[PDB]
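Colleague: I am sharing target_37.csv, which consists of CSV, C-alpha atoms:
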chain,number,residue,atom,x,y,z
A,1,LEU,CA,-14.4,1.0,9.5
A,2,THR,CA,-13.2,-0.5,6.2
A,3,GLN,CA,-12.3,1.1,2.8
A,4,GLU,CA,-10.1,-0.2,0.0
A,5,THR,CA,-7.6,1.7,-2.2
A,6,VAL,CA,-5.4,0.7,-5.2
A,7,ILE,CA,-2.0,2.6,-5.3
A,8,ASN,CA,0.3,1.9,-8.3
A,9,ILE,CA,3.8,1.3,-7.1
A,10,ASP,CA,6.7,1.4,-9.6
A,11,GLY,CA,10.3,0.3,-8.7
A,12,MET,CA,9.3,-2.9,-6.8
A,13,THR,CA,12.7,-4.6,-7.6
A,14,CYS,CA,12.0,-8.3,-7.2
A,15,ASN,CA,9.8,-10.3,-4.8
A,16,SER,CA,12.0,-8.9,-1.9
A,17,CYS,CA,10.6,-5.4,-2.4
A,18,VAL,CA,7.0,-6.8,-2.9
A,19,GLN,CA,7.3,-8.7,0.4
A,20,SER,CA,9.0,-5.9,2.3
A,21,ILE,CA,6.3,-3.3,1.3
A,22,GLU,CA,3.4,-5.8,2.0
A,23,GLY,CA,4.8,-6.7,5.4
A,24,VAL,CA,5.7,-3.2,6.6
A,25,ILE,CA,2.5,-1.5,5.3
A,26,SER,CA,0.3,-4.3,6.8
A,27,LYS,CA,1.6,-3.3,10.3
A,28,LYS,CA,0.9,0.5,9.8
A,29,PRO,CA,-2.1,1.8,11.8
A,30,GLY,CA,-5.5,1.3,10.1
A,31,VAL,CA,-4.2,-1.2,7.6
A,32,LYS,CA,-5.8,-4.7,7.9
A,33,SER,CA,-5.4,-6.9,4.7
A,34,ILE,CA,-3.0,-5.9,1.9
A,35,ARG,CA,-2.1,-7.6,-1.4
A,36,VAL,CA,0.9,-6.2,-3.4
A,37,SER,CA,0.9,-7.5,-7.0
A,38,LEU,CA,4.2,-7.3,-9.0
A,39,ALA,CA,2.4,-8.2,-12.2
A,40,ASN,CA,0.0,-5.2,-11.9
A,41,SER,CA,2.8,-3.2,-10.1
A,42,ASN,CA,0.4,-2.0,-7.4
A,43,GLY,CA,-0.6,-2.3,-3.7
A,44,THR,CA,-4.3,-3.1,-3.0
A,45,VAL,CA,-4.7,-2.0,0.6
A,46,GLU,CA,-7.7,-2.5,2.9
A,47,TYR,CA,-7.5,0.2,5.7
A,48,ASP,CA,-9.6,2.2,8.3
A,49,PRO,CA,-10.2,5.8,7.2
A,50,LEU,CA,-10.1,7.0,10.8
A,51,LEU,CA,-6.5,5.8,11.3
A,52,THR,CA,-5.0,6.2,7.7
A,53,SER,CA,-5.8,7.3,4.2
A,54,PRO,CA,-4.7,6.6,0.5
A,55,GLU,CA,-2.4,9.7,0.5
A,56,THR,CA,-0.8,8.6,3.9
A,57,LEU,CA,-0.3,5.0,2.6
A,58,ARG,CA,1.3,6.5,-0.6
A,59,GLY,CA,3.4,8.6,1.8
A,60,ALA,CA,4.6,5.5,3.7
A,61,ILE,CA,5.5,3.6,0.5
A,62,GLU,CA,7.3,6.7,-0.8
A,63,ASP,CA,9.2,6.9,2.5
A,64,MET,CA,10.3,3.3,2.1
A,65,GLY,CA,11.5,4.3,-1.4
A,66,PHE,CA,9.1,3.4,-4.2
A,67,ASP,CA,7.3,5.5,-6.8
A,68,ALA,CA,3.7,5.4,-5.3
A,69,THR,CA,0.8,7.1,-7.1
A,70,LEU,CA,-3.0,6.7,-6.3
A,71,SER,CA,-4.8,4.6,-8.9
A,72,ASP,CA,-8.3,4.3,-7.4
For this file, write the structure as structure tokens.
Modeller:
Amino acid sequence: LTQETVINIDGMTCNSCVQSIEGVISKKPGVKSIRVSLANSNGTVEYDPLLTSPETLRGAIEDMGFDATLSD
């Protein structure tokens, strides 16, 4: 199964943070493709509902240490 979610991520301090978030979250269960935009300050994540969810992904980003809030 495939669903998309946009999570606004504030505090992505330089491309280092962007890359780190993108790479780590990509490897979390359920996540398939992910595109983290610094310009829009958000993570556009494609994931499987059965494995993970928007709130879980927000939780993971928050655990890494970024101000994550569900956008759509």
Colleague: May I have the residues within 9 Å of segment 49-51 of chain A as a ChimeraX atom specification, using only C-alpha atoms and disregarding those fewer than 6 positions away in the same chain?
Modeller: /A:1-3,29-31
Colleague: Report, in Å with one decimal, the straight-line distance from atom CA of residue 17 of chain A to atom CA of residue 53 of chain A.
Modeller: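 If I compute the distance from atom CA of residue 17 of chain A to atom CA of residue 53 of chain A, I get 21.8 Å.
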Colleague: Got a sec: who's within 8 Å of segment 22-26 of chain A, counting all atoms listed in the file, leaving out chain neighbours fewer than 6 positions off, as a PyMOL selection string?
Modeller: chain A and resi 32-36+43+57+60-61
Colleague: Pick the closest to residue 7 of chain A from A:40, A:19, A:56, A:71: which is it, counting only C-alpha atoms?
Modeller: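 Using only C-alpha atoms, residue 7 of chain A sits closest to A:71.
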Colleague: If we count only C-alpha atoms, what is near residue 59 of chain A at a cut-off of 12 Å, once residues fewer than 5 positions away on the same chain are taken out, given as a compact mmCIF listing (two decimals) with C-alpha atoms, in the coordinates of the input?
Modeller:
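Okay, this is what ended up in around10.txt:
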# COMPACT_ATOMS: atom_id res chain seq x y z
CA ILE A 7 -2.00 2.60 -5.30
CA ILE A 9 3.80 1.30 -7.10
CA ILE A 25 2.50 -1.50 5.30
CA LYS A 28 0.90 0.50 9.80
CA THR A 52 -5.00 6.20 7.70
CA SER A 53 -5.80 7.30 4.20
CA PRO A 54 -4.70 6.60 0.50
CA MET A 64 10.30 3.30 2.10
CA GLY A 65 11.50 4.30 -1.40
CA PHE A 66 9.10 3.40 -4.20
CA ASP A 67 7.30 5.50 -6.80
CA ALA A 68 3.70 5.40 -5.30
CA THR A 69 0.80 7.10 -7.10
CA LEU A 70 -3.00 6.70 -6.30
Colleague: To one decimal in Å, tell me the separation between atom CA of residue 38 of chain A and atom CA of residue 58 of chain A.
Modeller: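 Between atom CA of residue 38 of chain A and atom CA of residue 58 of chain A the gap works out to 16.4 Å.
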Colleague: Just checking: using all atoms listed in the file, which residue out of A:20, A:37, A:44, A:5 ends up closest to residue 72 of chain A?
Modeller: A:5
Colleague: Quick one: distance from atom CA of residue 21 of chain A to atom CA of residue 47 of chain A in Å, one decimal?
Modeller: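 These atoms are spaced 14.9 Å apart.
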Colleague: Please output segment 10-25 of chain A, rebuilt to include N, CA, C and O atoms, as an mmCIF file, in the coordinates of the input.
Modeller:
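Result saved to rebuild-v2.cif:
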data_model
loop_
_atom_site.group_PDB
_atom_site.id
_atom_site.type_symbol
_atom_site.label_atom_id
_atom_site.label_comp_id
_atom_site.auth_asym_id
_atom_site.auth_seq_id
_atom_site.Cartn_x
_atom_site.Cartn_y
_atom_site.Cartn_z
ATOM 1 N N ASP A 10 5.634 1.718 -8.655
ATOM 2 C CA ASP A 10 6.700 1.400 -9.600
ATOM 3 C C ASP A 10 8.033 1.358 -8.844
ATOM 4 O O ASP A 10 8.244 2.097 -7.880
ATOM 5 N N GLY A 11 8.925 0.466 -9.293
ATOM 6 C CA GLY A 11 10.300 0.300 -8.700
ATOM 7 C C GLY A 11 10.347 -0.871 -7.735
ATOM 8 O O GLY A 11 11.355 -0.977 -7.037
ATOM 9 N N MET A 12 9.323 -1.737 -7.659
ATOM 10 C CA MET A 12 9.300 -2.900 -6.800
ATOM 11 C C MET A 12 10.279 -3.958 -7.351
ATOM 12 O O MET A 12 9.865 -4.882 -8.050
ATOM 13 N N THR A 13 11.569 -3.791 -7.051
ATOM 14 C CA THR A 13 12.700 -4.600 -7.600
ATOM 15 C C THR A 13 12.703 -5.952 -6.988
ATOM 16 O O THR A 13 13.337 -6.136 -5.950
ATOM 17 N N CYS A 14 12.030 -6.920 -7.626
ATOM 18 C CA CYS A 14 12.000 -8.300 -7.200
ATOM 19 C C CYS A 14 11.053 -8.550 -6.048
ATOM 20 O O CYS A 14 10.684 -7.607 -5.349
ATOM 21 N N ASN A 15 10.666 -9.813 -5.822
ATOM 22 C CA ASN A 15 9.800 -10.300 -4.800
ATOM 23 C C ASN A 15 10.211 -9.784 -3.369
ATOM 24 O O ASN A 15 9.373 -9.660 -2.480
ATOM 25 N N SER A 16 11.509 -9.522 -3.172
ATOM 26 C CA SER A 16 12.000 -8.900 -1.900
ATOM 27 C C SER A 16 11.332 -7.632 -1.605
ATOM 28 O O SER A 16 10.850 -7.466 -0.486
ATOM 29 N N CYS A 17 11.258 -6.712 -2.573
ATOM 30 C CA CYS A 17 10.600 -5.400 -2.400
ATOM 31 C C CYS A 17 9.108 -5.606 -2.163
ATOM 32 O O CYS A 17 8.561 -4.985 -1.256
ATOM 33 N N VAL A 18 8.455 -6.460 -2.959
ATOM 34 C CA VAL A 18 7.000 -6.800 -2.900
ATOM 35 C C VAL A 18 6.693 -7.189 -1.419
ATOM 36 O O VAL A 18 5.804 -6.618 -0.789
ATOM 37 N N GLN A 19 7.421 -8.194 -0.915
ATOM 38 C CA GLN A 19 7.300 -8.700 0.400
ATOM 39 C C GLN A 19 7.516 -7.684 1.488
ATOM 40 O O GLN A 19 6.737 -7.573 2.430
ATOM 41 N N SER A 20 8.601 -6.911 1.341
ATOM 42 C CA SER A 20 9.000 -5.900 2.300
ATOM 43 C C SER A 20 7.841 -4.841 2.428
ATOM 44 O O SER A 20 7.402 -4.571 3.543
ATOM 45 N N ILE A 21 7.369 -4.288 1.303
ATOM 46 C CA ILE A 21 6.300 -3.300 1.300
ATOM 47 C C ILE A 21 5.045 -3.930 1.938
ATOM 48 O O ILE A 21 4.507 -3.335 2.867
ATOM 49 N N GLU A 22 4.610 -5.108 1.474
ATOM 50 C CA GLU A 22 3.400 -5.800 2.000
ATOM 51 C C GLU A 22 3.469 -5.923 3.496
ATOM 52 O O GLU A 22 2.540 -5.505 4.182
ATOM 53 N N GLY A 23 4.560 -6.496 4.018
ATOM 54 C CA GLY A 23 4.800 -6.700 5.400
ATOM 55 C C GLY A 23 4.738 -5.450 6.261
ATOM 56 O O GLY A 23 3.989 -5.359 7.232
ATOM 57 N N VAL A 24 5.559 -4.463 5.888
ATOM 58 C CA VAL A 24 5.700 -3.200 6.600
ATOM 59 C C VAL A 24 4.337 -2.469 6.635
ATOM 60 O O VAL A 24 3.845 -2.116 7.705
ATOM 61 N N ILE A 25 3.750 -2.239 5.454
ATOM 62 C CA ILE A 25 2.500 -1.500 5.300
ATOM 63 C C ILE A 25 1.356 -2.213 6.048
ATOM 64 O O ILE A 25 0.524 -1.539 6.651
#
